[PDB]
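Scroll down for the structure; my scribbles are underneath it.
Every number in this text was worked out from the coordinates using simple rules, so none of it is lab data. Here the Cβ positions follow ideal geometry from the backbone for every residue, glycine too, while neighbour counts run over all protein chains shown.
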Amino acid sequence: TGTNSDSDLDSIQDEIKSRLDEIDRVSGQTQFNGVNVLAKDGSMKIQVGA
Amino acid sequence: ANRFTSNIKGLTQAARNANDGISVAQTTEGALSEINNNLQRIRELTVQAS
């Protein structure tokens with residue numbers, strides 16, 4: 001919207017920046033038993049056939 | 001199972017520490033809000049005295 005001034009826009013901006021930083025953090029620090037899942041494009045294979 | 005329980009204990013303790021961080025941020029922002037109230041009173045006094 002256009003009712004908010006630049007001084008009012010910097011607050012929304014830094015909030016968005018903090019949210020993006022949190023997104024990066026949770027994307028890079030989540031791991032299951034020592035192996036990460038959101039850092040590489042590789043695929044996982046599960047032996048389900050004996 | 002040893003690695004699993006290690007991860008479990010670590011994650012539980014880290015969640016507790018995050019809660020402590022929440023509490024610290026809360027008390028700090030309370031102090032900041034009362035300082036803001038004092039500043040607002042100062043601003044009103046200045047508008048009066050100008």
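Among the residues of region A:19-35, those identified as over 15 Å from B:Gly10 (Cβ atoms) and either hydroxyl-bearing (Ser, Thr, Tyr) or under 8 Å from the mean Cα position of the chain (by Cα) (or both) are A:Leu20, A:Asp21, A:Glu22, A:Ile23, A:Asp24, A:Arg25, A:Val26, A:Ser27, A:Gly28. As a summary of the residue check, A:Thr1 satisfies the conditions (1) over 16 Å from the mean Cα position of the chain (by Cα); (2) surrounded by 10 or more Cβ atoms within 10 Å (Cβ to Cβ); (3) not small (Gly, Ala, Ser) except for the one numbered (2).
For (1) part of a helix (DSSP H, G or I); (2) among the β-branched types (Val, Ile, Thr); (3) within 15 Å of the chain's Cα centre (by Cα), each residue gets a yes or a no:
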| site | (1), (2), (3) |
| --- | --- |
| B:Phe4 | yes, no, no |
| B:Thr12 | yes, yes, no |
| B:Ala25 | yes, no, yes |
| B:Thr28 | yes, yes, yes |
| B:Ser33 | yes, no, yes |
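Filtered by the rule that a residue be surrounded by fewer than 10 Cβ atoms within 10 Å (Cβ to Cβ) and more than 14 Å from every other protein chain (Cβ to nearest Cβ), region A:25-50 gives A:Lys40, A:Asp41, A:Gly42, A:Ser43, A:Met44, A:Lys45, A:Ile46, A:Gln47, A:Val48, A:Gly49, A:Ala50.
Let's see how each residue does on (1) within 14 Å of chain A (Cβ to nearest Cβ); (2) under 29 Å from A:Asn33 (Cα atoms); (3) exposed (fewer than 10 other Cβ atoms within 10 Å of the Cβ); (4) of a type in the set (A, V, I, L, M):
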position: B:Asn7; (1), (2), (3), (4): yes, yes, no, no
position: B:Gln13; (1), (2), (3), (4): no, yes, no, no
position: B:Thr28; (1), (2), (3), (4): no, no, no, no
position: B:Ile42; (1), (2), (3), (4): no, no, no, yes
